[PDB]
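For reference, the chain that follows is the form deposited without 5'-S-phosphono-5'-thioguanosine (6CG), supplied as structure tokens.
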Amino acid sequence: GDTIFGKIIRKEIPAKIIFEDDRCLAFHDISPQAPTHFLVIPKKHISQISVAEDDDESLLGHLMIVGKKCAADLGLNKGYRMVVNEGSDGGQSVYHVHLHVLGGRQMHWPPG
């Protein structure tokens, strides 16, 4: 089923967009957990990483490459953390695959 991230992709509700191409979108998280906290999402509706297909491998890697390029452009020269949540134990909040990128502060261990 549709999600709020689908609405963001379709431009039906606002988001602070950092980068877009034909296959993904990066935008600042509405509930940031670090001075910089953004998401990179595919335009294809994959509901969760556990259901991603083998043919999705390059697309998933593209999310990470876009994420690292956006992080550099946003000035995260001291580093950052990338996160994908799956399911209830993973704390996944929206059932549309999304890569979190967080930085601008020391990230701690354990990662939640």
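Residues carry their position along the shown sequence, with the first being 1.
Keep in mind that the form solved in complex with 5'-S-phosphono-5'-thioguanosine (6CG) is not shown, yet the notes after this line are about it.
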| property | result |
| --- | --- |
| Clash verdict for 5'-S-phosphono-5'-thioguanosine (6CG) in the entry with it bound, overlaid onto the shown chain (3 or more atoms within 2.4 angstroms of backbone or C-beta) | blocked |
| 5'-S-phosphono-5'-thioguanosine (6CG) contact in the entry with it bound: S58, any heavy atom under 4.5 Å | no |
| Contact label in the entry with it bound: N77 to 5'-S-phosphono-5'-thioguanosine (6CG), heavy atom within 4.5 Å | no |
| 5'-S-phosphono-5'-thioguanosine (6CG) contact in the entry with it bound: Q48, any heavy atom under 4.5 Å | no |
| is_contact(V94, 5'-S-phosphono-5'-thioguanosine (6CG)) in the entry with it bound, heavy atom dist at most 4.5 Å | yes |
| Stretch 1 to 34 - residues with a heavy atom within 4.5 Å of 5'-S-phosphono-5'-thioguanosine (6CG) in the entry with it bound | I4, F5, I8, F27, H28, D29, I30, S31 |
